[PDB]
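A quick write-up on the structure given underneath.
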Amino acid sequence: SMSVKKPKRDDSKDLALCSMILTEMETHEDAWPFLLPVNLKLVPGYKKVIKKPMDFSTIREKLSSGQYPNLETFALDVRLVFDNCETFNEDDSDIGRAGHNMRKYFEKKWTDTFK
């Protein structure tokens, strides 16, 4: 509350560390469904169904331009990429399986870097 604060957690390396995680997600062999925005002219149903599209290149541009206020808003966009994928793709599909693999990969790196 006013003039009463918890001890200050050092957040000065968060930007660099989220960039490194994003680099590792970018270079994973199963990243290919997630590298670029879904083409809304060429994929029937996507525009109407997925209310907030997200992808790795859009996260990278947001990160690089100071559009993430803190490390939690960055994790929310990464998780959005996987939630969108589960909404649109069957579990038993190459893209469906890709999304589950990448989410697992991300959550481990997130815990090990920050928790």
Side-chain angles (χ1 to χ4, degrees), residues 1-7 9-12 14-114:
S1 77
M2 195 181 331
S3 308
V4 183
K5 288 303 165 323
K6 291 200 190 55
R9 185 202 168 253
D10 184 10
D11 66 343
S12 62
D14 288 359
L15 188 60
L17 287 157
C18 292
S19 183
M20 287 175 53
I21 296 168
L22 182 56
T23 295
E24 297 165 2
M25 278 196 312
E26 293 166 335
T27 57
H28 193 296
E29 72 163 288
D30 300 341
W32 58 265
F34 313 115
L35 295 173
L36 301 177
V38 174
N39 183 335
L40 303 176
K41 301 168 196 298
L42 304 182
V43 177
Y46 210 82
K47 189 171 204 299
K48 186 64 180 273
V49 171
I50 301 291
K51 299 306 174 173
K52 288 175 68 166
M54 187 54 56
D55 66 286
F56 297 166
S57 77
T58 301
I59 300 171
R60 171 69 72 195
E61 184 59 38
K62 284 179 72 166
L63 194 59
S64 295
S65 59
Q67 294 185 66
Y68 291 115
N70 57 56
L71 87 167
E72 301 308 329
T73 60
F74 168 82
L76 283 169
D77 266 355
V78 180
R79 292 167 181 146
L80 177 62
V81 172
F82 310 126
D83 298 345
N84 289 348
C85 181
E86 275 196 57
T87 292
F88 209 81
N89 293 265
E90 276 293 344
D91 294 346
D92 191 6
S93 67
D94 294 274
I95 287 170
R97 275 190 285 283
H100 290 290
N101 288 352
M102 294 299 308
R103 178 195 302 273
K104 186 87 176 172
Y105 190 74
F106 167 66
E107 292 304 348
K108 165 108 154 81
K109 306 268 185 194
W110 191 252
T111 292
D112 293 356
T113 304
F114 293 118

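The chain is numbered in sequence order, starting from 1. Note: hydrogens, waters and symmetry copies are ignored here, and every other heavy atom, side chains too, is used.
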Main-chain N/O of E61 paired to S64 side chain as donor or acceptor, under 3.5 Å: no

Under 3.5 Å: donor-acceptor pair, side chain of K5, backbone of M2: no

CD on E72 to CG on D14, rounded to 0.5 Å: 9.0 Å

Approximate separation, where rounding is to 0.5 Å, of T58 OG1 and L80 CG: 10.5 Å

Taking every non-hydrogen atom, the tightest pair across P53 and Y46: CB-CE2, 4.4 Å

Same apolar cluster (I L V M F W Y, side chains within < 4.5 Å links), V78/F88: no

Residues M25, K109; criterion side-chain contact (heavy atoms from CB on, under 4.5 Å); working and verdict: CA-CA 10 Å; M25 278 196 312; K109 306 268 185 194; 6.0 Å; no

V81 and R103, any side-chain heavy atoms less than 4.5 Å apart: no

Full working for side-chain contact (heavy atoms from CB on, under 4.5 Å) between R79 and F106: CA-CA 9 Å; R79 292 167 181 146; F106 167 66; 4.1 Å; yes

Show me, pair by pair, the donor-acceptor contacts under 3.5 angstrom made by side chains of residues 30-45, not counting sequence neighbours?
residue	atom	partner	partner atom	Å
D30	OD2	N101	ND2	3.1
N39	OD1	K41	N	3.0
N39	OD1	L42	N	3.3

Side chain to side chain contact (heavy atoms under 4.5 Å, CB included) partner of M54, chosen from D77, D83, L76: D77

Donor-acceptor pair between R60 and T23 side chains, under 3.5 angstrom: yes

Euclidean distance, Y68 OH relative to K62 NZ, rounded to 0.5 Å: 4.0 Å

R97 and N89: CA distance, side-chain angles, deciding distance, side-chain contact (heavy atoms from CB on, under 4.5 Å) verdict: CA-CA 9 Å; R97 275 190 285 283; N89 293 265; over 6 Å; no

Spacing of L17 atom CG and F114 atom CZ [to the nearest 0.5 Å]: 4.5 Å

Test item: side-chain donor near acceptor, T87 and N84, under 3.5 Å: no

Minimum heavy-atom distance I59-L22, with the two atoms named: CG2-CD2, 4.0 Å

Side chain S1, main chain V4, donor-acceptor under 3.5 Å: no

Spacing of CD belonging to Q67 relative to OG1 belonging to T73, to within rounding of 0.5 Å: 10.5 Å

Distance (rounded to the nearest 0.5 Å) between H28 NE2 and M102 CE: 5.0 Å

Student check: side-chain heavy atoms of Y105 and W110 closer than 4.5 Å: no

Step-by-step side-chain contact (heavy atoms from CB on, under 4.5 Å) determination, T113 to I21: CA-CA 9 Å; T113 304; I21 296 168; 3.9 Å; yes

Sidechain N-carboxylate O distance under 4.0 Å for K108, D112: yes

